[PDB]
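Just below is one structure, and these are the notes that go with it.
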Amino acid sequence: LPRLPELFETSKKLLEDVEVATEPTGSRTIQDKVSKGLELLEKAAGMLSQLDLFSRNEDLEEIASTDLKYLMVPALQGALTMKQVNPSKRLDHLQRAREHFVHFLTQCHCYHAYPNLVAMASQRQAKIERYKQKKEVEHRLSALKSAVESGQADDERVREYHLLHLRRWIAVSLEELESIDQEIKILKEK
């Protein structure tokens with residue numbers, strides 16, 4: 010019996026497959042995974058609406074640690090929409106994807145000699161810390177992944193693990209939205 014957790018995880022792995030796949034993304038096999046992930050996430054979202062886990066438009070601390078991951082559904086939906094290949098409908102995809110990424114963002118609850149040389153110095157390492165962070169984040173996620181997916185991590189690690197995934201999805205959704213609007217604008221310029 011097709012259950013929510015299974016729906017999510019399958020879809021998640023399916024996307025991770027597609028993002029790493031090396032053949033043209035227009036490949037029969039890739040497009041199949043994309044189509045399947047879209048379909049399962051549609052079903053999952055359908056169920057998430059029934060459950061209404063985050064009805065209360067506040068909280069966050071108050072969400073069950075393992076429910077946290079369902080927050081990322083609209084994000085996975087946007088990412089997979091953006092992997093479809095059908096030139097003649099490209100704009101439809103953009104607009105579908107745009108809805109998901111926003112829809113995501115509006116549910117995440119996630120929110121969150146001297147002078148010139150000094151600025152140069154402070155403005156330099158800034159970018160090094162930005163790279164670092166990016167690296168640390170990914171390193172941490174990969175360290176916890178197994179245990180969290182296995183049910184072997186304590187609640188602190190599980191909650192930490194998903195909030196961190198959430199942040200990552202914020203940045204990603206913001207960039208994607210920027211890219212989407214740029215391309216949509218050209219496609220509608222008449």
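Residues 10 to 121, 145 to 222 (PDB author numbering) are what the sequence shown spells out, left to right. For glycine and all other residues, C-beta sits at the position ideal for the given N, C-alpha and C.
Task: Nonlocal neighbours in the same chain, by C-beta distance under 7 Å from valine 94, ignoring five residues either side - done: Here the set comprises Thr34, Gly35, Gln40.
Open item on the list: Starting from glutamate 28, trace the alpha helix (DSSP H) in both directions and tell me its first and last residue.
Closed with: 13-29
Open item on the list: Let me confirm a value: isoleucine 218 is counted as buried when at least 16 other C-beta atoms fall within 10 Å, else exposed. Which label applies?
Closed with: exposed
Task: Supposed close pair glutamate 28, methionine 91 - CB separation, criterion 8 Å - done: That belief does not hold up - the Cβ atoms of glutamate 28 and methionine 91 are roughly 10 Å apart, past 8 Å.
- [ ] Would you tell me roughly how many angstroms separate the C-alpha atoms of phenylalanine 113 and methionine 81, rounded to the nearest one?
- [x] If you take the alpha carbons of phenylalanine 113 and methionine 81, they lie about 7 Å apart.
Open item on the list: Using C-beta distances below 8 Å, list every residue in its chain close to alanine 73, excluding the 5 sequence neighbours before and after it, in chain order.
Closed with: If we look at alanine 73 and ignore the five residues flanking it on each side, its Cβ neighbours are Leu62.
Task: Among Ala179, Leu149, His118, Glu48, the one whose alpha carbon lies nearest that of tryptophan 201 - done: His118
TODO: Report the three-state DSSP secondary structure of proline 96 (helix, strand or coil).
DONE: Collapsing the DSSP output to three states places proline 96 in a helix.
- [ ] Look at the Cβ atom of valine 180, then the Cβ atom of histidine 194, and state whether they are nearer than 9 Å.
- [x] Their beta carbons are under 9 Å apart, which means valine 180 touches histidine 194 by this criterion.
Open item on the list: Can you look up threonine 38 in the DSSP assignment and give me helix, strand or coil?
Closed with: helix
Task: Integer-rounded CB distance, given that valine 169 should sit under 8 Å from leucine 196 - done: The pair is a contact, with the Cβ atoms about 6 Å apart (cut-off 8 Å).
Open item on the list: Measuring straight from C-alpha to C-alpha, what distance separates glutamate 108 and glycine 87?
Closed with: 8 Å
Open item on the list: Distance check for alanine 153 and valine 43, CA to CA, integer angstroms please.
Closed with: Going from the Cα of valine 43 to the Cα of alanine 153 covers about 45 Å.
- [ ] State the DSSP-derived secondary structure class of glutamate 221, mapped to helix, strand or coil.
- [x] DSSP places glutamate 221 in coil when its eight states are reduced to three.
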